[PDB]
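Following this are structure 1 and structure 2, which are two forms of one protein chain, each written alone as C-alpha cells.
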Structure 1
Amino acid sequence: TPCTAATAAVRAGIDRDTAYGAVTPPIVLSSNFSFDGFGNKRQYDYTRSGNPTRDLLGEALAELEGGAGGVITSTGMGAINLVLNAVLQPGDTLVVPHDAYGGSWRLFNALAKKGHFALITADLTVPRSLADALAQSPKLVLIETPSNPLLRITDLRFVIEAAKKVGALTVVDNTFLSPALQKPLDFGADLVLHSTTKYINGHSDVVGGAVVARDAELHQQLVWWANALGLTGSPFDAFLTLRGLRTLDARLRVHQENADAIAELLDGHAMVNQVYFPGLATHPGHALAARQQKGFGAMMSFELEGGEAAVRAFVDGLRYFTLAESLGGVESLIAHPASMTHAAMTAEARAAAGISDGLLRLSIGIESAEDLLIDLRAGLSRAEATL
C-alpha cells in the first residue's frame, strides 16, 4: 500500500532525522553546509540553492499534488514570478483568466508593459473566449479555479486538453482549495502553484509559495531559476508551513461543515441578493465543482441589499469575522474586495471581471458554527435596520 494523502501530510518528515531520531524534523536555518573534504560537496551546500527543511515541504506538496517535485518560494506572488521566468521569453504569449487574483493581474500587466511576454486575458469559462486565445499559439495558459472572489469554476480537463492540442503548457493556481480538495495534475496540468500563506499554512503567520511540476525536467528548471533569481524561501517559514500542513485535512473538515451551514443561512435570506458559493446547486459551476473537487471549500462572497450604508453596519459589530485581507486561516475573516483585495486592478478590469462594490467575501474559519451564525445574523439585522 501507499498511504492516503491525509496520512502523508500528517507524517511528512516524521521520524526522518538521521542525527538523533527526532520525531519532529529539526529546523536547519544554516545558510551553508561543510564539504566532506576537498572536492566533495554534500547533498546541500547553500540554502538559497537547497535546504533540507525547505525540501521536506517541497516533497510533501509534490506527493500531495502527484508531482515530480516542489519548489518553495518566499511568497505566492514569487511562485507565479518563478513560473513566468522559467517558462516565458519575449515573443511568447501568456493566457490568463480575466478574474484572476488582483496581485496576479498587477504582475502580468507590469511585466507585459515592459515586453517580457505578450498577454491575452480571456474568460476561460466561455468556449469562444478560450478558442480565440488558444488560436494565437500561447506558450503558457494560467488557470485559477475557483476564482477570487466570485468563485467562477474553470473546467480543468477541458482547458488543459484544449491547451495541449495547440502545444501550450498549463499552470493552475490551486490556492483556494489546496491539494486536499483539488489535484489539477490528475487532469494532465504541467504545473500547479500555491500561496502557502492560505490553507496550506493555515495559521496566518507565514507568507510563502510553492510550485509543483508533473515532470522531473520542468522541476529541475524551476529549481535552477529559483536559485538564480533568489526567490527561495526561509527554512523557518518552511518549518511552520510543514507544521500547518499536518492539520490541513482536520481543518478543512471543520471549514467545510461551517461553510455549508453559513451558505444555507445566506442563500434566500431577505437581506442577501446573491451568494457566490460553488456548493449551491444554483451556482454556475456547481456540477463542475462537484466533479473536479473533493469538496466545495470555505470561501464564499455575497451581495448585501442596501448599498454601502448596509455593508458598513454589517461589518462594524462583527465579533468573530476579522476585517482583514488573506484567507485560509483557522480564524474567520471578512473582506470588501474593491477597496481591499482587488484595489490593484483598474475600476473596469474590476467591472470586466464583474466584481461589484456591495460585495463581501468570507473566509470561513474553524470556530463553532453556532457562534459564526449568531455573528452573521446580528450583522444581517444591523444591515436591515439601515433601510
Structure 2
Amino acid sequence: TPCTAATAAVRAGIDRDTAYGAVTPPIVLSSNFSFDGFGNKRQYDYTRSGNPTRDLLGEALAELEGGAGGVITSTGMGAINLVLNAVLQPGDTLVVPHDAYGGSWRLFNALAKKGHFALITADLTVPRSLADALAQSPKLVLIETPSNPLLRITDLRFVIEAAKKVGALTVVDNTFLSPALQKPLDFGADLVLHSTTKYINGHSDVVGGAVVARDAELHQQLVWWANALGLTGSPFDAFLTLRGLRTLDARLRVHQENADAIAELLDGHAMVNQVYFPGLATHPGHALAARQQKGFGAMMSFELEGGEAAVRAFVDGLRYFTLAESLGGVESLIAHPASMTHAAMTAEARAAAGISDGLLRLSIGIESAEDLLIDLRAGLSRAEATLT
C-alpha cells in the first residue's frame, strides 16, 4: 500500500517546487521555455505540447484512477473529442449508451454523419443489446455510469470483459462519481475520462477535461493527439482544478451525507411518485452500485406529482438550490430536464427516454443538511397547494 486516495489528492504537488521549496506549486503560465544552450531542449519547450502546472494535475488524476498518465483538456467535450481522434478511423464502429450525455450524442452524431466512424446504440444494462453490438466487432465501447438523469448503473466488469473478448477497447465517462467513488481502470477499462468542470474542480469556476489511460503506450498517443489537435487546457485552469481536487474527499463526505438525508425525505413522500438514486434499496442497480462504487454519490432525480404547475410552484421560492445546468459544485443546484437538459428533444423522444414533465434533478451540495431539507419541504408544500 502506497498512501490512500484522500492522502494523494490532498498532497498532490506539496513539496514539488525545486526553485524555492514553495508548499503550493508555482503557476507556470509561460507559453515557451528556453533551450539549455545550442541544441539542448529542456524537459518543456512549449505549453500547447507540455506544461508543468498542467502535468501535475495529469499526474494527480492518473494516480487517483490507477493509470499510466493523464492528459488535461480545455473541456470535458474535448476529452471525448481527444479519445475519438486517438482511437477511431473510418470503417471503425463505436458503441454508445442509449442514454449517454446529450453533448456526447451531439458530437458522435455530427462526426458519424461525416463518415469519421460508424455508431451503434446499445442499452449496456441489457445483455442482448450489448451482445448484438459486440457481434459487429466494434473498435471502442463507451460506458457512462451512473447515467443522467435516471442514475442507471452499468456493470463495469460484465461490459468490459465482454468487450475484451471481441477485441474492443472500453472508455468510461466517470464524471458523475469522480475517481474518489469509482475506479473503472480497476475493472480493466482502457480509458477513463472526466469533465473536471464538475466534482474534481468542485467550485464552478473552471471548464476542463481529463483522460487517463491504463497503458503507457495509449497515454503517449493521447499526448500526441492532444498537442496536434490543440485540445490542451490553460495552466491557470489546471492550477484552480488541482486546488479544488485537494478538498474532493472532504467535499464528497458532506455531499453524500446530504444526499442520503434528502433521499430519505423524498422516497415515499406523498408528493413524489419516484426517486432515482442508487442509494435506495428499490433502485434498479442498487446492489451493483454498492459493489462497484465506494459510495452512492450526490446526484439524484425525482418525479413530482401534479403538473408542470407543481414544478413551477416547487422551483419558485427555493432559497438553497440554484436553477441551473452543471453539477458537482459545493453549491446545490436544481435542473428540470424537460425545459433544460433535454429541451432540444421532442416530447415523444422524452417519453421514450423515460423523462417526465414532473422530473427534477438535484445536484446536492455541501450546505447544512437541515437547511436543504427545510428548503425541499417548503418546495413540496408549494407543489401540494397546486393539485385540483
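If you superpose the two forms and keep the largest set of C-alpha atoms that fall within 1.5 Å, you have the rigid core. Start at 1 and count along the sequence of structure 1; that gives the residue numbers used here. Only residues modelled in both forms are compared.
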**Fill in**
Only one of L327, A60, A353, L359 passes the 2 Å C-alpha shift threshold between structure 1 and structure 2 with the rigid core fixed, namely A353
**Message:** So, superposing on the core, is the move of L318 at the CA at least 2 angstroms between structure 1 and structure 2?
**Reply:** no
**Request:** Indicate whether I27 shows a C-alpha shift of 2 Å or more between structure 1 and structure 2, with the rigid core used for the fit.
**Result:** no
**Item:** Core superposition result - C-alpha of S339, shift between structure 1 and structure 2, Å
**Value:** 2.2
**Request:** Give the C-alpha shift of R246 between structure 1 and structure 2, in Å, after superposing the two forms on their rigid core.
**Result:** 0.1
**Request:** Superpose the two forms on the rigid core, then report in sequence order the stretches of at least three consecutive residues whose Cα positions each move 2 Å or more between structure 1 and structure 2.
**Result:** 342-357
